[PDB]
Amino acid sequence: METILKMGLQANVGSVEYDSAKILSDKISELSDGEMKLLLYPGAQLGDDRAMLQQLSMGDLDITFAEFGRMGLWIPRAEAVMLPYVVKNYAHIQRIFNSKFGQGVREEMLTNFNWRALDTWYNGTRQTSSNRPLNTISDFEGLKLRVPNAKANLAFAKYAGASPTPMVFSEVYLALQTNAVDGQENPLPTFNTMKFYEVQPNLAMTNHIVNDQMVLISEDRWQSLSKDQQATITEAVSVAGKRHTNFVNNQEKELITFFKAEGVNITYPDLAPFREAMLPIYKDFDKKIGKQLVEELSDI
């Protein structure tokens, strides 16, 4: 081996994201005949996504994952893509990523922050688990709902009427287990592999945020690779992404049966009241960004 790359991710070994990172790594080695290798640093051992993104900018890490909307911390308009109920499905996030708006964000990521977006995959639609059944939006009143350190998720919790509790991902299981919080929200593969179902007796299909999953490489690293090495990474990303998105789609169907068998009570609230409750988020965001951006993205 001669060219050694490093990838970091928050998700643990055993997660869909890790499984796909291992595919990346295996395909990079296979297609390069062992000349290239990808080392893997899971479980947020390097920090959270925000920290790993900075490490990519500095060249201390080569590859990491990030949602398009997470770019909003550095490129404010991108946040709109993570506001609850804006993105309808994966095909919609693909239209956004490929649109002139998406291209403009991707160019800014490369120019300012040394991030080259190679693809974006489907990471699932977030759902809300809890220690009591949630059948209507009114049931969110008083719910101590853990959220990531992300304003969109915090706003979902706030406008649903819950009491948002930001917390890093690695601390969630213990907080649920001890009832320090009453619930969390994440896609179903995550709810499975993090074992949150072991400590959450209810799951509500709020369908509130569609998460993509960009594969970012340091632009400096990319430019230093040969054309052959670039082709290897492009093909590895294509192979891994096809498998990732398909696995998430399959799991979103198959996991319902599994969670029921494990004793989880699954509820399906009417979502029209949830969508209505989120409208002030869009008005505020449009006011801050200076245009009707949420509506323009929703119509892309």
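Quick note: we count residues from 1 along the sequence shown, nothing fancier.
The stretch 171 to 179 shows the higher mean C-alpha B-factor when 171 to 179 is compared against 107 to 115 in the entry. Stretch comparison (276 to 284 versus 11 to 19) by mean CA B-factor in the PDB entry places 276 to 284 on top. Residue set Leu225, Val147, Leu188, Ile209: peak C-alpha B-factor at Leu225 (per PDB entry).
Per the deposited record, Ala162 carries the highest C-alpha B-factor of all listed residues (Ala162, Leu203, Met194, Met214).
Looking at the C-alpha B-factors along this chain, the one for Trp121 belongs to the lowest third. In the deposited entry, the Cα temperature factor of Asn246 places it in the middle third of its chain's modelled residues. Residue-level temperature factors show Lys260 in the middle third of its chain, judged at the C-alpha atom. Per-chain ranking of the deposited C-alpha B factor places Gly43 in the lowest third.
When all modelled residues of the chain are sorted by CA temperature factor, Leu61 is found within the middle third.
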